[PDB]
Structure formats: C-alpha cells, structure tokens
Amino acid sequence: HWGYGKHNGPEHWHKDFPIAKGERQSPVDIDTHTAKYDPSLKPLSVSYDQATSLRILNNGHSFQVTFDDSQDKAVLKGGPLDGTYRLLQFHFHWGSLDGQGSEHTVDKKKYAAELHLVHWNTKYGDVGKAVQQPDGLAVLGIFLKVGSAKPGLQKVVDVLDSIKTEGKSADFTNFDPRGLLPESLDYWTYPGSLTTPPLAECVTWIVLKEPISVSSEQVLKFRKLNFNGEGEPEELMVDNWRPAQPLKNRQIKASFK
Ligand SMILES: NS(=O)(=O)c1ccc2o/c(=N/O)[nH]c2c1
Ligand SMILES: [Zn+2]
C-alpha cells in the first residue's frame, strides 16, 4: 500500500494513481518573486466560531481531527473562493528533523511541518462529490516552525499518546481550531491537488504567508506516532510529506504585496 518509505513513497504513487504526473499537482514551491499580487482577491473569511470537533484518528499516514460537516458550522469563504466551504478535518505533515516536513516550500525553504485545514464546497453536497470537481475542495495550509510553543496546539499534542498506531482513534470534542491560526490571513493561492492518494485535482490551495511557531516538545510528540499498527514492527511516523511537484501551466497569486 502507498506510503512514505523507500519502496512505497511519493516516487511510486504514479503507478496506482497516474494523476500523480498530472497538470495541477500539489504541493509546489512558492517562488515569492514570481507570485503575482492580485488586488482583486479578497480577504479570507474564516468562520470557525461554531466548529464541532468530533474525534482524532491515526490513519497510518498522519493524524486527523474530524469535524461535524452536516451543517455550516465552521466555514471558509471569500479569498479566491466562490461559495461556502465546510471544514471537514485537519491534519499535519511533518519531518524527522526541524529543517524538513512541510509540503509547500517558500523559495525552496522547507518548514518543520504544515497544517492542512480541509474544506469542501457545499454546492456539491458531500465531500465525496466535491473531490470529483475542479473547485471541490479548499485546503488552508499553515507552516509550522520550531520556536515558542503554540498554546492552541497543546490539547492536540496531549492526546497523541492515545492514538499512537494506525487506526487508533479517540474522542476529541470542543477543540477550537482558531487556536492554530497566525495573526495574518495573507495568502498565496493556486489550483492544485490532494497531496495524498488519490491525488485528485480538486483543490483550491490557500497557503498562509505566516507560519505559526510550535515548541520542540510539541513537534517531538508528533514524531512519536507510528505508521504501523499495534502488534507490528515500530516505524515512527516522520517525513509524511510529499515533495514539491512541477508547477506546469499555473500562476501563484498573492493577496498581499
Ligand atoms: N494532504 S491534503 O492535500 O490536505 C488532503 C486532504 C484530504 C484528502 O483526502 C484524501 N483521500 O484519502 N487525500 C487527501 C489529501
Ligand atoms: Zn495534507
């Protein structure tokens, strides 16, 4: 099955998922001098006051916090987006070392990790239909660097002991994802893909310019998760990131100059 190892990693995914070599694949490198400032872009609308976290899960490739997306409780709108997108889940991608782990890169800079808040477009009724659409998903990507701790992440960090291995899950209610945001909502945006199988080219990517800082103790707790399931040889869940893909016929736009 696909993964991040030597024989099943990103260079192998195209065999089961040919779109891996597609025309709008993610992640990409964001060349900050090539990105064009688009003043017709709008401020992002991040409406997370009514979010309903449900459960946290080790899915064998990352850990995920899922929300109630049966109503417009936590939505993203504005920016380059038409319509309302509902928050389904967030997860991260991270490294074995602080100099690597993000999927997007900024002028080839790799961040220690990248947070992905996954939203689907309500005009398509469910996430399974959205992923079949060129504008089906909006993913808000936030870079993590190692520095001061991020207080809003500590509730997540403290429960990872209970979901160490693949397919473990736990209650995770009343978590407020507003605690993971930076101060600025300035962003880059381009049309792209899921960065894990099926690599569907359904994503409007919205990548915030500003990292959040997390502590070394917080990120070290990511690195104690396992790719494997209980009763299997231990393999630490590190370097679960896809590297940058060719931009091809695409222009990265910036909401800021
Ligand atoms: N890593 S990502 O581009 O935010 C992302 C988000 C939602 C996803 O659902 C997926 N199918 O199992 N892959 C995937 C990647
Ligand atoms: Zn992701």
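Remember, it's 1-based here, ligands and their atoms both numbered in the order they're listed. All residue numbers in this chain count up from 1 along the given sequence.
Residues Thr204 and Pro80 have side chains in contact (heavy-atom distance under 4.5 Å, counting atoms from C-beta outward). Side chains of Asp107 and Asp31 form a contact here, defined as non-hydrogen atoms less than 4.5 Å apart. Counting only heavy atoms from C-beta outward, the side chains of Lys123 and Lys129 never approach each other to under 4.5 Å. Between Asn228 and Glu235, the closest side-chain pair of non-hydrogen atoms falls below 4.5 Å. Using a 4.5 Å heavy-atom cutoff, the side chains of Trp94 and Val238 are in contact.
Cation-pi check for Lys73 over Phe67 is not met; the charged atom does not lie both under 6.0 angstrom from the ring centroid and within 45 degrees of its normal.
Looking at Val139 against ligand 1, only its side chain comes within 4.0 Å, counting heavy atoms. In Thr195, the parts holding a heavy atom less than 4.0 Å from any atom of ligand 1 are both the side chain and the backbone. Within the 4.0 Å heavy-atom criterion, the part of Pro197 lying near ligand 1 is the backbone and not the side chain. Of the heavy atoms in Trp241, none comes closer than 4.0 Å to ligand 1.
Residue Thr196 holds the heavy atom nearest to atom 14 (C) of ligand 1 of all those in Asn240, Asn59, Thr196.
Expressed to the nearest 0.5 Å, how far CG of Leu54 lies from CD of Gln64 amounts to 12.5 Å.
With respect to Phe90, the ring pair (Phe, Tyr, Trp, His ring centres under 6.0 Å) criterion is satisfied by exactly one of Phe175, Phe63, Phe172: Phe175. With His104 as the fixed residue, the ring pair (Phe, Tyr, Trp, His ring centres under 6.0 Å) test singles out one of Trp241, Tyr190, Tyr187: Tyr190.
Here is the list of ligand 1 atoms found below 4.0 Å of a heavy atom in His91: 1 (N), 2 (S), 4 (O), 6 (C). Distances below 4.0 Å separate heavy atoms of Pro198 from the following atoms of ligand 1: 11 (N). Near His116, meaning under 4.0 Å from any of its heavy atoms, are these atoms of ligand 1: 1 (N), 2 (S), 4 (O).
Checked against the Zn ion (ligand 2), the N, O or S atom of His116 at the shortest distance is ND1.
Considering backbone and side-chain atoms together, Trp205 places no N or O closer than 3.5 Å to any N or O of ligand 1.
The single protein non-hydrogen atom nearest to atom 9 (O) of ligand 1 is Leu194 CD1, 4.0 Å, given as residue, atom name and distance.
At least one heavy atom of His93 sits under 4.0 Å from some atom of ligand 1. Heavy atoms of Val203 come nearer than 4.0 angstrom to ligand 1 in no pair at all.
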